[PDB]
>>> print(open('work.cif').read())   # mmCIF, N, CA and C atoms and all ligand atoms
data_work
loop_
_atom_site.label_atom_id
_atom_site.label_comp_id
_atom_site.auth_asym_id
_atom_site.auth_seq_id
_atom_site.Cartn_x
_atom_site.Cartn_y
_atom_site.Cartn_z
N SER A 1 0.82 -1.21 0.00
CA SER A 1 0.00 0.00 0.00
C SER A 1 0.85 1.25 0.00
N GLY A 2 0.25 2.38 -0.39
CA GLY A 2 0.91 3.67 -0.33
C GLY A 2 0.32 4.64 -1.33
N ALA A 3 0.53 5.94 -1.10
CA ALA A 3 0.02 6.93 -2.05
C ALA A 3 0.93 8.15 -2.04
N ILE A 4 0.82 8.98 -3.11
CA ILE A 4 1.49 10.27 -3.18
C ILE A 4 0.41 11.32 -2.97
N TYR A 5 0.68 12.33 -2.12
CA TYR A 5 -0.29 13.40 -1.85
C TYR A 5 0.32 14.69 -2.30
N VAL A 6 -0.10 15.24 -3.44
CA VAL A 6 0.48 16.45 -4.00
C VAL A 6 -0.67 17.40 -4.31
N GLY A 7 -0.63 18.62 -3.74
CA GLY A 7 -1.71 19.57 -3.95
C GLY A 7 -3.04 19.00 -3.49
N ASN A 8 -4.09 19.09 -4.31
CA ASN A 8 -5.36 18.47 -3.97
C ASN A 8 -5.55 17.12 -4.68
N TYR A 9 -4.44 16.37 -4.85
CA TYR A 9 -4.53 15.08 -5.54
C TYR A 9 -3.90 13.98 -4.69
N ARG A 10 -4.42 12.76 -4.86
CA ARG A 10 -3.94 11.54 -4.24
C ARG A 10 -3.64 10.57 -5.41
N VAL A 11 -2.37 10.12 -5.53
CA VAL A 11 -1.96 9.20 -6.59
C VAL A 11 -1.78 7.83 -6.00
N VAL A 12 -2.46 6.81 -6.53
CA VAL A 12 -2.38 5.45 -6.01
C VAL A 12 -2.23 4.47 -7.16
N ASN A 13 -1.88 3.19 -6.85
CA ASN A 13 -1.94 2.15 -7.87
C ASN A 13 -3.40 1.95 -8.23
N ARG A 14 -3.72 1.88 -9.54
CA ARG A 14 -5.12 1.77 -9.93
C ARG A 14 -5.76 0.50 -9.31
N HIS A 15 -4.97 -0.59 -9.23
CA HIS A 15 -5.52 -1.84 -8.68
C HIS A 15 -5.78 -1.78 -7.17
N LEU A 16 -5.23 -0.79 -6.47
CA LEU A 16 -5.46 -0.66 -5.03
C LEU A 16 -6.41 0.50 -4.70
N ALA A 17 -6.94 1.20 -5.73
CA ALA A 17 -7.83 2.36 -5.48
C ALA A 17 -9.06 1.91 -4.71
N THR A 18 -9.46 2.71 -3.73
CA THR A 18 -10.62 2.35 -2.89
C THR A 18 -11.92 2.81 -3.54
N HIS A 19 -13.10 2.49 -2.90
CA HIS A 19 -14.37 3.01 -3.38
C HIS A 19 -14.33 4.57 -3.36
N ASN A 20 -13.73 5.16 -2.32
CA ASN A 20 -13.65 6.62 -2.22
C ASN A 20 -12.79 7.24 -3.34
N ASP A 21 -11.68 6.54 -3.72
CA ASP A 21 -10.86 7.05 -4.83
C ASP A 21 -11.69 7.11 -6.12
N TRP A 22 -12.45 6.04 -6.42
CA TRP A 22 -13.25 6.01 -7.63
C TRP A 22 -14.40 7.04 -7.56
N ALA A 23 -14.94 7.31 -6.36
CA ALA A 23 -16.01 8.32 -6.21
C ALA A 23 -15.47 9.77 -6.35
N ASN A 24 -14.13 9.96 -6.23
CA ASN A 24 -13.53 11.27 -6.39
C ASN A 24 -12.49 11.23 -7.55
N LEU A 25 -12.76 10.43 -8.60
CA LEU A 25 -11.85 10.22 -9.71
C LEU A 25 -11.51 11.48 -10.48
N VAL A 26 -10.20 11.70 -10.70
CA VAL A 26 -9.72 12.78 -11.56
C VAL A 26 -9.24 12.18 -12.89
N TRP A 27 -8.45 11.09 -12.82
CA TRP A 27 -7.86 10.48 -14.02
C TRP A 27 -7.39 9.05 -13.68
N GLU A 28 -7.47 8.14 -14.62
CA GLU A 28 -6.95 6.80 -14.43
C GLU A 28 -6.42 6.26 -15.75
N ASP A 29 -5.45 5.33 -15.68
CA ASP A 29 -4.92 4.72 -16.88
C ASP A 29 -4.54 3.28 -16.54
N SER A 30 -5.33 2.33 -17.02
CA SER A 30 -5.10 0.93 -16.75
C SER A 30 -3.74 0.47 -17.29
N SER A 31 -3.33 1.02 -18.45
CA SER A 31 -2.03 0.62 -19.01
C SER A 31 -0.86 1.05 -18.14
N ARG A 32 -1.03 2.04 -17.25
CA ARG A 32 0.07 2.49 -16.39
C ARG A 32 -0.13 2.02 -14.92
N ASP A 33 -1.26 1.39 -14.60
CA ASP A 33 -1.60 1.02 -13.23
C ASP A 33 -1.64 2.25 -12.32
N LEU A 34 -2.14 3.39 -12.85
CA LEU A 34 -2.25 4.59 -12.03
C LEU A 34 -3.70 5.09 -11.94
N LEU A 35 -4.01 5.69 -10.80
CA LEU A 35 -5.28 6.37 -10.60
C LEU A 35 -5.01 7.58 -9.72
N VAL A 36 -5.65 8.73 -10.06
CA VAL A 36 -5.52 9.96 -9.28
C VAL A 36 -6.93 10.38 -8.84
N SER A 37 -7.10 10.65 -7.56
CA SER A 37 -8.38 11.10 -7.00
C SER A 37 -8.18 12.49 -6.34
N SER A 38 -9.29 13.20 -6.10
CA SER A 38 -9.17 14.53 -5.48
C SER A 38 -9.29 14.47 -3.97
N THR A 39 -8.62 15.39 -3.28
CA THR A 39 -8.61 15.45 -1.81
C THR A 39 -9.08 16.84 -1.35
N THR A 40 -9.53 16.93 -0.10
CA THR A 40 -9.94 18.21 0.48
C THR A 40 -8.74 18.89 1.18
N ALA A 41 -7.78 18.10 1.70
CA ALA A 41 -6.62 18.66 2.38
C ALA A 41 -5.43 18.77 1.42
N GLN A 42 -4.52 19.70 1.70
CA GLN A 42 -3.34 19.92 0.87
C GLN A 42 -2.29 18.84 1.16
N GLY A 43 -1.68 18.29 0.11
CA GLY A 43 -0.73 17.19 0.26
C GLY A 43 0.65 17.55 0.77
N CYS A 44 1.40 16.53 1.24
CA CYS A 44 2.73 16.67 1.84
C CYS A 44 3.88 16.52 0.84
N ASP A 45 3.65 15.94 -0.35
CA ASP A 45 4.72 15.58 -1.32
C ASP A 45 4.97 16.59 -2.46
N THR A 46 6.20 16.55 -3.13
CA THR A 46 6.77 17.33 -4.28
C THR A 46 7.13 16.31 -5.38
N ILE A 47 6.73 16.57 -6.66
CA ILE A 47 7.06 15.62 -7.73
C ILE A 47 8.36 16.03 -8.40
N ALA A 48 9.26 15.07 -8.64
CA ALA A 48 10.52 15.32 -9.35
C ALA A 48 10.21 15.65 -10.83
N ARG A 49 10.98 16.60 -11.42
CA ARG A 49 10.83 16.91 -12.84
C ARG A 49 12.28 16.80 -13.35
N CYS A 50 12.63 15.61 -13.82
CA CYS A 50 14.03 15.27 -14.10
C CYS A 50 14.15 13.98 -14.90
N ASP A 51 15.42 13.62 -15.26
CA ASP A 51 15.65 12.33 -15.91
C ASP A 51 16.56 11.44 -15.06
N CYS A 52 16.50 11.57 -13.71
CA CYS A 52 17.31 10.70 -12.83
C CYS A 52 17.02 9.25 -13.13
N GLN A 53 18.06 8.43 -13.06
CA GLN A 53 17.92 6.98 -13.18
C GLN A 53 18.45 6.28 -11.92
N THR A 54 18.68 7.05 -10.80
CA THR A 54 19.00 6.47 -9.50
C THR A 54 18.10 7.14 -8.46
N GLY A 55 17.84 6.40 -7.38
CA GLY A 55 17.01 6.94 -6.31
C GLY A 55 16.89 5.91 -5.20
N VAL A 56 15.93 6.13 -4.29
CA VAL A 56 15.74 5.25 -3.13
C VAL A 56 14.24 4.96 -3.06
N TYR A 57 13.88 3.68 -2.81
CA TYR A 57 12.46 3.35 -2.65
C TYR A 57 12.20 2.69 -1.28
N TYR A 58 10.97 2.82 -0.81
CA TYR A 58 10.56 2.19 0.42
C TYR A 58 9.95 0.81 0.12
N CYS A 59 10.46 -0.22 0.84
CA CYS A 59 10.01 -1.60 0.68
C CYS A 59 9.31 -2.07 1.98
N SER A 60 7.96 -2.07 1.98
CA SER A 60 7.23 -2.42 3.16
C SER A 60 7.47 -3.83 3.65
N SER A 61 7.72 -4.78 2.72
CA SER A 61 8.01 -6.18 3.12
C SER A 61 9.36 -6.36 3.83
N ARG A 62 10.19 -5.31 3.92
CA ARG A 62 11.44 -5.36 4.65
C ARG A 62 11.52 -4.18 5.66
N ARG A 63 10.48 -3.30 5.74
CA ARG A 63 10.55 -2.10 6.58
C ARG A 63 11.83 -1.31 6.35
N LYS A 64 12.26 -1.20 5.09
CA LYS A 64 13.55 -0.56 4.79
C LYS A 64 13.50 0.20 3.49
N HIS A 65 14.37 1.20 3.37
CA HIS A 65 14.59 1.88 2.10
C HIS A 65 15.83 1.30 1.43
N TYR A 66 15.78 1.17 0.10
CA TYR A 66 16.90 0.63 -0.65
C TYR A 66 17.27 1.57 -1.79
N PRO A 67 18.57 1.75 -2.05
CA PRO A 67 18.98 2.55 -3.22
C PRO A 67 18.86 1.69 -4.52
N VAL A 68 18.49 2.31 -5.65
CA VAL A 68 18.30 1.56 -6.89
C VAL A 68 18.79 2.35 -8.08
N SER A 69 19.24 1.61 -9.12
CA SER A 69 19.51 2.17 -10.45
C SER A 69 18.36 1.59 -11.30
N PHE A 70 17.59 2.44 -12.02
CA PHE A 70 16.42 1.94 -12.74
C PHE A 70 16.42 2.35 -14.19
N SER A 71 15.71 1.56 -15.02
CA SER A 71 15.64 1.89 -16.44
C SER A 71 14.68 3.07 -16.68
N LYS A 72 14.83 3.73 -17.84
CA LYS A 72 13.93 4.83 -18.19
C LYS A 72 12.51 4.28 -18.39
N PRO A 73 11.48 5.14 -18.25
CA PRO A 73 10.11 4.65 -18.40
C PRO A 73 9.88 4.04 -19.77
N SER A 74 9.29 2.82 -19.79
CA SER A 74 9.09 2.15 -21.07
C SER A 74 7.94 1.16 -20.99
N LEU A 75 7.64 0.51 -22.14
CA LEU A 75 6.57 -0.49 -22.23
C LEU A 75 7.17 -1.83 -21.88
N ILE A 76 6.68 -2.49 -20.81
CA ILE A 76 7.22 -3.76 -20.34
C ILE A 76 6.13 -4.79 -20.18
N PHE A 77 6.34 -6.04 -20.66
CA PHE A 77 5.34 -7.08 -20.51
C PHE A 77 5.15 -7.52 -19.05
N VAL A 78 3.88 -7.62 -18.62
CA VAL A 78 3.46 -8.08 -17.30
C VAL A 78 2.42 -9.20 -17.48
N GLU A 79 2.62 -10.33 -16.79
CA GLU A 79 1.73 -11.48 -16.90
C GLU A 79 0.33 -11.18 -16.39
N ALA A 80 -0.68 -12.00 -16.80
CA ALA A 80 -2.03 -11.80 -16.30
C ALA A 80 -2.10 -11.97 -14.79
N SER A 81 -3.00 -11.23 -14.17
CA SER A 81 -3.20 -11.31 -12.74
C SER A 81 -4.70 -11.23 -12.49
N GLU A 82 -5.07 -11.25 -11.21
CA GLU A 82 -6.46 -11.13 -10.82
C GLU A 82 -7.07 -9.79 -11.24
N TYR A 83 -6.25 -8.72 -11.43
CA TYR A 83 -6.74 -7.39 -11.80
C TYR A 83 -6.57 -7.01 -13.28
N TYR A 84 -5.61 -7.61 -13.98
CA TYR A 84 -5.35 -7.24 -15.38
C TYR A 84 -5.11 -8.44 -16.26
N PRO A 85 -5.49 -8.34 -17.54
CA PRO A 85 -5.08 -9.40 -18.48
C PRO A 85 -3.57 -9.26 -18.74
N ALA A 86 -2.97 -10.26 -19.40
CA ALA A 86 -1.56 -10.18 -19.81
C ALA A 86 -1.45 -8.98 -20.78
N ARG A 87 -0.48 -8.07 -20.53
CA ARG A 87 -0.42 -6.85 -21.32
C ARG A 87 0.94 -6.18 -21.20
N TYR A 88 1.14 -5.12 -21.98
CA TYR A 88 2.32 -4.30 -21.82
C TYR A 88 1.91 -3.17 -20.90
N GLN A 89 2.65 -3.00 -19.80
CA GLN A 89 2.37 -1.87 -18.92
C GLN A 89 3.32 -0.76 -19.40
N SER A 90 2.79 0.43 -19.59
CA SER A 90 3.57 1.56 -20.09
C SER A 90 4.13 2.40 -18.92
N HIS A 91 5.12 3.27 -19.23
CA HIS A 91 5.71 4.20 -18.26
C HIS A 91 6.26 3.45 -17.04
N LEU A 92 6.79 2.23 -17.27
CA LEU A 92 7.32 1.43 -16.17
C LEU A 92 8.83 1.47 -16.17
N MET A 93 9.40 1.52 -14.94
CA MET A 93 10.87 1.56 -14.73
C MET A 93 11.30 0.35 -13.94
N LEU A 94 12.28 -0.45 -14.40
CA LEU A 94 12.67 -1.63 -13.62
C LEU A 94 13.99 -1.42 -12.92
N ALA A 95 14.14 -2.09 -11.77
CA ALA A 95 15.41 -2.10 -11.05
C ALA A 95 15.56 -3.45 -10.36
N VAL A 96 16.81 -3.79 -9.99
CA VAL A 96 17.06 -4.98 -9.20
C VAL A 96 16.84 -4.56 -7.73
N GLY A 97 15.92 -5.26 -7.10
CA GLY A 97 15.57 -5.01 -5.71
C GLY A 97 14.42 -5.91 -5.30
N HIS A 98 14.23 -6.05 -3.99
CA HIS A 98 13.21 -6.90 -3.46
C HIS A 98 11.84 -6.25 -3.54
N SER A 99 10.83 -7.02 -3.93
CA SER A 99 9.45 -6.56 -3.86
C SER A 99 8.55 -7.79 -3.86
N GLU A 100 7.43 -7.65 -3.14
CA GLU A 100 6.31 -8.56 -3.02
C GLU A 100 5.02 -7.79 -3.39
N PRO A 101 3.91 -8.48 -3.72
CA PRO A 101 2.69 -7.74 -4.18
C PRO A 101 2.23 -6.58 -3.29
N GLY A 102 2.27 -6.79 -1.97
CA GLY A 102 1.88 -5.79 -0.98
C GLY A 102 2.80 -4.59 -0.92
N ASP A 103 3.98 -4.67 -1.60
CA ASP A 103 4.87 -3.51 -1.64
C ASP A 103 4.41 -2.42 -2.61
N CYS A 104 3.37 -2.70 -3.40
CA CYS A 104 2.83 -1.71 -4.33
C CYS A 104 2.43 -0.46 -3.57
N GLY A 105 2.80 0.69 -4.10
CA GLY A 105 2.50 1.95 -3.45
C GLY A 105 3.67 2.57 -2.73
N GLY A 106 4.74 1.79 -2.50
CA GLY A 106 5.96 2.36 -1.91
C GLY A 106 6.54 3.43 -2.83
N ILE A 107 6.99 4.55 -2.24
CA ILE A 107 7.48 5.62 -3.06
C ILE A 107 8.95 5.46 -3.46
N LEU A 108 9.26 5.83 -4.71
CA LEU A 108 10.64 5.94 -5.24
C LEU A 108 10.92 7.47 -5.29
N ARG A 109 12.02 7.93 -4.67
CA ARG A 109 12.41 9.33 -4.65
C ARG A 109 13.81 9.47 -5.18
N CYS A 110 14.07 10.64 -5.78
CA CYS A 110 15.45 11.02 -6.09
C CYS A 110 15.72 12.35 -5.36
N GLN A 111 16.86 13.00 -5.65
CA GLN A 111 17.14 14.29 -4.97
C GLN A 111 16.13 15.39 -5.32
N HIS A 112 15.34 15.22 -6.39
CA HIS A 112 14.42 16.25 -6.86
C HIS A 112 12.99 16.09 -6.35
N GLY A 113 12.67 14.93 -5.78
CA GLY A 113 11.32 14.69 -5.32
C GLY A 113 10.85 13.28 -5.64
N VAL A 114 9.53 13.12 -5.62
CA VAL A 114 8.94 11.82 -5.90
C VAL A 114 9.03 11.49 -7.39
N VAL A 115 9.54 10.29 -7.70
CA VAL A 115 9.68 9.80 -9.08
C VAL A 115 8.51 8.88 -9.49
N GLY A 116 8.07 8.00 -8.59
CA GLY A 116 7.00 7.06 -8.92
C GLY A 116 6.65 6.16 -7.75
N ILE A 117 5.82 5.14 -8.03
CA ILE A 117 5.42 4.21 -6.97
C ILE A 117 5.65 2.78 -7.41
N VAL A 118 5.94 1.87 -6.44
CA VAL A 118 6.08 0.45 -6.81
C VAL A 118 4.78 -0.05 -7.45
N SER A 119 4.89 -0.80 -8.55
CA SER A 119 3.71 -1.30 -9.23
C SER A 119 3.84 -2.78 -9.61
N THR A 120 5.10 -3.28 -9.82
CA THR A 120 5.28 -4.69 -10.25
C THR A 120 6.56 -5.21 -9.59
N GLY A 121 6.90 -6.47 -9.82
CA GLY A 121 8.20 -6.98 -9.43
C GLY A 121 8.26 -8.48 -9.61
N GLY A 122 9.20 -9.09 -8.93
CA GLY A 122 9.31 -10.54 -8.88
C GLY A 122 10.73 -10.96 -9.09
N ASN A 123 11.15 -12.08 -8.51
CA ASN A 123 12.47 -12.67 -8.69
C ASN A 123 13.64 -11.71 -8.60
N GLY A 124 13.67 -10.86 -7.58
CA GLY A 124 14.76 -9.92 -7.42
C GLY A 124 14.63 -8.67 -8.27
N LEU A 125 13.43 -8.43 -8.86
CA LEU A 125 13.17 -7.20 -9.61
C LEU A 125 12.08 -6.38 -8.91
N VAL A 126 12.10 -5.07 -9.15
CA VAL A 126 11.04 -4.19 -8.64
C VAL A 126 10.74 -3.20 -9.78
N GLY A 127 9.45 -3.01 -10.08
CA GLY A 127 9.06 -2.08 -11.13
C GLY A 127 8.27 -0.91 -10.60
N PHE A 128 8.54 0.31 -11.11
CA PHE A 128 7.90 1.52 -10.59
C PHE A 128 7.10 2.22 -11.72
N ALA A 129 5.88 2.64 -11.38
CA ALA A 129 5.09 3.42 -12.31
C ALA A 129 5.62 4.86 -12.19
N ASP A 130 6.12 5.43 -13.29
CA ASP A 130 6.63 6.80 -13.29
C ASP A 130 5.48 7.77 -13.15
N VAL A 131 5.72 8.91 -12.45
CA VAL A 131 4.74 10.00 -12.41
C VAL A 131 5.32 11.34 -12.88
N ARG A 132 6.62 11.36 -13.27
CA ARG A 132 7.29 12.63 -13.59
C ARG A 132 6.78 13.34 -14.79
N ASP A 133 6.12 12.60 -15.70
CA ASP A 133 5.56 13.24 -16.90
C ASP A 133 4.19 13.89 -16.66
N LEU A 134 3.57 13.64 -15.50
CA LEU A 134 2.22 14.17 -15.22
C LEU A 134 2.36 15.58 -14.71
N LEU A 135 2.58 16.53 -15.63
CA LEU A 135 2.87 17.91 -15.20
C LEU A 135 1.70 18.58 -14.49
N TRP A 136 0.47 18.15 -14.83
CA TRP A 136 -0.72 18.74 -14.23
C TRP A 136 -0.85 18.48 -12.74
N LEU A 137 -0.09 17.51 -12.18
CA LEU A 137 -0.18 17.24 -10.74
C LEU A 137 0.23 18.47 -9.92
N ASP A 138 1.12 19.34 -10.48
CA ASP A 138 1.71 20.55 -9.86
C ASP A 138 0.82 21.77 -9.91
N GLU A 139 -0.30 21.73 -10.64
CA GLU A 139 -1.17 22.89 -10.76
C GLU A 139 -2.57 22.58 -10.24
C1 LIG B 201 5.30 -5.45 -6.34
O1 LIG B 201 4.58 -6.48 -7.02
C2 LIG B 201 5.13 -7.73 -7.10
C3 LIG B 201 6.40 -8.07 -6.65
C4 LIG B 201 6.78 -9.40 -6.74
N1 LIG B 201 6.01 -10.36 -7.26
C5 LIG B 201 4.80 -9.99 -7.69
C6 LIG B 201 4.29 -8.71 -7.63
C7 LIG B 201 2.86 -8.39 -7.99
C8 LIG B 201 2.74 -7.95 -9.44
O2 LIG B 201 3.74 -7.74 -10.11
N2 LIG B 201 1.49 -7.74 -9.93
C9 LIG B 201 1.31 -7.10 -11.24
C10 LIG B 201 0.78 -5.68 -11.01
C11 LIG B 201 0.59 -4.87 -12.28
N3 LIG B 201 1.07 -3.63 -12.25
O3 LIG B 201 0.03 -5.35 -13.27
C12 LIG B 201 -0.48 -5.71 -10.11
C13 LIG B 201 -0.94 -7.11 -9.69
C14 LIG B 201 -2.06 -7.12 -8.65
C15 LIG B 201 -2.49 -8.57 -8.29
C16 LIG B 201 -1.28 -9.45 -7.93
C17 LIG B 201 -0.18 -9.38 -9.02
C18 LIG B 201 0.25 -7.92 -9.15
ZN ZN B 202 15.77 13.54 -10.05
#
>>> encode(input="work.cif", output="structure tokens")
Amino acid sequence: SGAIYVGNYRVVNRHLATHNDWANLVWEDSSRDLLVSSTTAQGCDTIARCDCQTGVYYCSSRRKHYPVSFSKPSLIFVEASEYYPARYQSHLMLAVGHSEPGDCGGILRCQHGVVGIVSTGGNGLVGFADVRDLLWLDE
């Protein structure tokens, strides 16, 4: 679990969005596993606007932060699951690191701010849904 709170927006993994997120829907994209809902309170987070390929992410299954080198956002194949058919997930960044399904929502940060959230992984890999291209989150 986890979310980004920026301005009057809440960014979550689309597969973990609650009934309240869908009732306050701003935007969603199944191909990116992202959903953004509106909030009444002002958020605590800053979004990175950069091309960093290193950063640190929070891993709830280890209660620890880990440093990572990750690939640029791209289209990556993800197997079918209970929430999605087998498909290419877009705007995904991979790195070598530990992750389990419940780690989705952990934040990846660089020196500039929030880069994305954990969305996929397996076998010593961790994948992050990028949010740096969503310029409208800042306004
Ligand atoms: C952090 O996730 C890990 C990590 C390790 N092994 C597995 C996973 C879990 C994983 O990759 N997926 C794919 C995800 C997606 N973006 O399509 C969402 C799915 C929700 C239902 C369980 C399967 C999940
Ligand atoms: Zn950066």
>>> residues_around(input="work.cif", residues="range 89-105 of chain A", least_positions_apart="2", cutoff="8 Å", atoms="all atoms listed in the file", output="CSV table (one decimal) with N, CA and C atoms, in the frame of the given file")
chain,number,residue,atom,x,y,z
A,1,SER,N,0.8,-1.2,0.0
A,1,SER,CA,0.0,0.0,0.0
A,1,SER,C,0.8,1.2,0.0
A,2,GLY,N,0.2,2.4,-0.4
A,2,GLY,CA,0.9,3.7,-0.3
A,2,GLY,C,0.3,4.6,-1.3
A,3,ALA,N,0.5,5.9,-1.1
A,3,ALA,CA,0.0,6.9,-2.0
A,3,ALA,C,0.9,8.2,-2.0
A,4,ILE,N,0.8,9.0,-3.1
A,4,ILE,CA,1.5,10.3,-3.2
A,4,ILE,C,0.4,11.3,-3.0
A,11,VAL,N,-2.4,10.1,-5.5
A,11,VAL,CA,-2.0,9.2,-6.6
A,11,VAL,C,-1.8,7.8,-6.0
A,12,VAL,N,-2.5,6.8,-6.5
A,12,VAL,CA,-2.4,5.4,-6.0
A,12,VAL,C,-2.2,4.5,-7.2
A,13,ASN,N,-1.9,3.2,-6.8
A,13,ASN,CA,-1.9,2.2,-7.9
A,13,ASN,C,-3.4,2.0,-8.2
A,30,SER,N,-5.3,2.3,-17.0
A,30,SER,CA,-5.1,0.9,-16.8
A,30,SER,C,-3.7,0.5,-17.3
A,31,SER,N,-3.3,1.0,-18.4
A,31,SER,CA,-2.0,0.6,-19.0
A,31,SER,C,-0.9,1.0,-18.1
A,32,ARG,N,-1.0,2.0,-17.2
A,32,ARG,CA,0.1,2.5,-16.4
A,32,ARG,C,-0.1,2.0,-14.9
A,33,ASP,N,-1.3,1.4,-14.6
A,33,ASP,CA,-1.6,1.0,-13.2
A,33,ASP,C,-1.6,2.2,-12.3
A,58,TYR,N,11.0,2.8,-0.8
A,58,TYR,CA,10.6,2.2,0.4
A,58,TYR,C,10.0,0.8,0.1
A,59,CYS,N,10.5,-0.2,0.8
A,59,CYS,CA,10.0,-1.6,0.7
A,59,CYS,C,9.3,-2.1,2.0
A,60,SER,N,8.0,-2.1,2.0
A,60,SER,CA,7.2,-2.4,3.2
A,60,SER,C,7.5,-3.8,3.6
A,61,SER,N,7.7,-4.8,2.7
A,61,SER,CA,8.0,-6.2,3.1
A,61,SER,C,9.4,-6.4,3.8
A,62,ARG,N,10.2,-5.3,3.9
A,62,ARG,CA,11.4,-5.4,4.6
A,62,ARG,C,11.5,-4.2,5.7
A,66,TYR,N,15.8,1.2,0.1
A,66,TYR,CA,16.9,0.6,-0.6
A,66,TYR,C,17.3,1.6,-1.8
A,67,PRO,N,18.6,1.8,-2.0
A,67,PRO,CA,19.0,2.6,-3.2
A,67,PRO,C,18.9,1.7,-4.5
A,68,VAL,N,18.5,2.3,-5.6
A,68,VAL,CA,18.3,1.6,-6.9
A,68,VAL,C,18.8,2.4,-8.1
A,69,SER,N,19.2,1.6,-9.1
A,69,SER,CA,19.5,2.2,-10.4
A,69,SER,C,18.4,1.6,-11.3
A,70,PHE,N,17.6,2.4,-12.0
A,70,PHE,CA,16.4,1.9,-12.7
A,70,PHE,C,16.4,2.4,-14.2
A,71,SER,N,15.7,1.6,-15.0
A,71,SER,CA,15.6,1.9,-16.4
A,71,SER,C,14.7,3.1,-16.7
A,72,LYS,N,14.8,3.7,-17.8
A,72,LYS,CA,13.9,4.8,-18.2
A,72,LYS,C,12.5,4.3,-18.4
A,73,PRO,N,11.5,5.1,-18.2
A,73,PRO,CA,10.1,4.6,-18.4
A,73,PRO,C,9.9,4.0,-19.8
A,74,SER,N,9.3,2.8,-19.8
A,74,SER,CA,9.1,2.2,-21.1
A,74,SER,C,7.9,1.2,-21.0
A,75,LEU,N,7.6,0.5,-22.1
A,75,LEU,CA,6.6,-0.5,-22.2
A,75,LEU,C,7.2,-1.8,-21.9
A,76,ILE,N,6.7,-2.5,-20.8
A,76,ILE,CA,7.2,-3.8,-20.3
A,76,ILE,C,6.1,-4.8,-20.2
A,77,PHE,N,6.3,-6.0,-20.7
A,77,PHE,CA,5.3,-7.1,-20.5
A,77,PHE,C,5.2,-7.5,-19.0
A,78,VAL,N,3.9,-7.6,-18.6
A,78,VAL,CA,3.5,-8.1,-17.3
A,78,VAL,C,2.4,-9.2,-17.5
A,79,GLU,N,2.6,-10.3,-16.8
A,79,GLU,CA,1.7,-11.5,-16.9
A,79,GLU,C,0.3,-11.2,-16.4
A,86,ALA,N,-3.0,-10.3,-19.4
A,86,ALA,CA,-1.6,-10.2,-19.8
A,86,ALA,C,-1.4,-9.0,-20.8
A,87,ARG,N,-0.5,-8.1,-20.5
A,87,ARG,CA,-0.4,-6.8,-21.3
A,87,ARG,C,0.9,-6.2,-21.2
A,107,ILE,N,7.0,4.6,-2.2
A,107,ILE,CA,7.5,5.6,-3.1
A,107,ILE,C,9.0,5.5,-3.5
A,108,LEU,N,9.3,5.8,-4.7
A,108,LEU,CA,10.6,5.9,-5.2
A,108,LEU,C,10.9,7.5,-5.3
A,116,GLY,N,8.1,8.0,-8.6
A,116,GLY,CA,7.0,7.1,-8.9
A,116,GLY,C,6.6,6.2,-7.8
A,117,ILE,N,5.8,5.1,-8.0
A,117,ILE,CA,5.4,4.2,-7.0
A,117,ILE,C,5.6,2.8,-7.4
A,118,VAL,N,5.9,1.9,-6.4
A,118,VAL,CA,6.1,0.4,-6.8
A,118,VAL,C,4.8,0.0,-7.4
A,119,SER,N,4.9,-0.8,-8.6
A,119,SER,CA,3.7,-1.3,-9.2
A,119,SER,C,3.8,-2.8,-9.6
A,120,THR,N,5.1,-3.3,-9.8
A,120,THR,CA,5.3,-4.7,-10.2
A,120,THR,C,6.6,-5.2,-9.6
A,121,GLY,N,6.9,-6.5,-9.8
A,121,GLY,CA,8.2,-7.0,-9.4
A,121,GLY,C,8.3,-8.5,-9.6
A,122,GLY,N,9.2,-9.1,-8.9
A,122,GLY,CA,9.3,-10.5,-8.9
A,122,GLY,C,10.7,-11.0,-9.1
A,123,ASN,N,11.2,-12.1,-8.5
A,123,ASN,CA,12.5,-12.7,-8.7
A,123,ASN,C,13.6,-11.7,-8.6
A,124,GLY,N,13.7,-10.9,-7.6
A,124,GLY,CA,14.8,-9.9,-7.4
A,124,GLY,C,14.6,-8.7,-8.3
A,125,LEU,N,13.4,-8.4,-8.9
A,125,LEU,CA,13.2,-7.2,-9.6
A,125,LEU,C,12.1,-6.4,-8.9
A,126,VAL,N,12.1,-5.1,-9.2
A,126,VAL,CA,11.0,-4.2,-8.6
A,126,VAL,C,10.7,-3.2,-9.8
A,127,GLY,N,9.4,-3.0,-10.1
A,127,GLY,CA,9.1,-2.1,-11.1
A,127,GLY,C,8.3,-0.9,-10.6
A,128,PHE,N,8.5,0.3,-11.1
A,128,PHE,CA,7.9,1.5,-10.6
A,128,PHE,C,7.1,2.2,-11.7
A,129,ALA,N,5.9,2.6,-11.4
A,129,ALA,CA,5.1,3.4,-12.3
A,129,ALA,C,5.6,4.9,-12.2
A,130,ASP,N,6.1,5.4,-13.3
A,130,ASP,CA,6.6,6.8,-13.3
A,130,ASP,C,5.5,7.8,-13.2
A,131,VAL,N,5.7,8.9,-12.4
A,131,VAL,CA,4.7,10.0,-12.4
A,131,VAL,C,5.3,11.3,-12.9
>>> atom_distance(input="work.cif", atom1="CA of residue 137 in chain A", atom2="atom N of residue 56 in chain A")
20.6 Å
>>> select_by_dssp(input="work.cif", residues="chain A", states="alpha helix (DSSP H)", output="list in words")
residues 19, 20, 21, 22 and 23 of chain A
>>> closest_residue(input="work.cif", among="A:14, A:64, A:19, A:49", to="residue 106 in chain A", atoms="only C-alpha atoms")
A:64
>>> atom_distance(input="work.cif", atom1="atom N of residue 25 in chain A", atom2="atom N of residue 39 in chain A")
8.4 Å
>>> closest_atom_pairs(input="work.cif", of="chain A", to="ligand ZN 202 (chain B)", cutoff="6 Å", atoms="all atoms listed in the file", output="CSV")
residue,atom,partner,partner_atom,distance
A:48,CA,B:ZN202,ZN,5.6
A:49,C,B:ZN202,ZN,5.8
A:50,CA,B:ZN202,ZN,4.7
A:51,N,B:ZN202,ZN,5.2
A:52,N,B:ZN202,ZN,4.2
A:110,CA,B:ZN202,ZN,4.7
A:111,N,B:ZN202,ZN,4.6
A:112,N,B:ZN202,ZN,4.1
A:113,N,B:ZN202,ZN,5.5
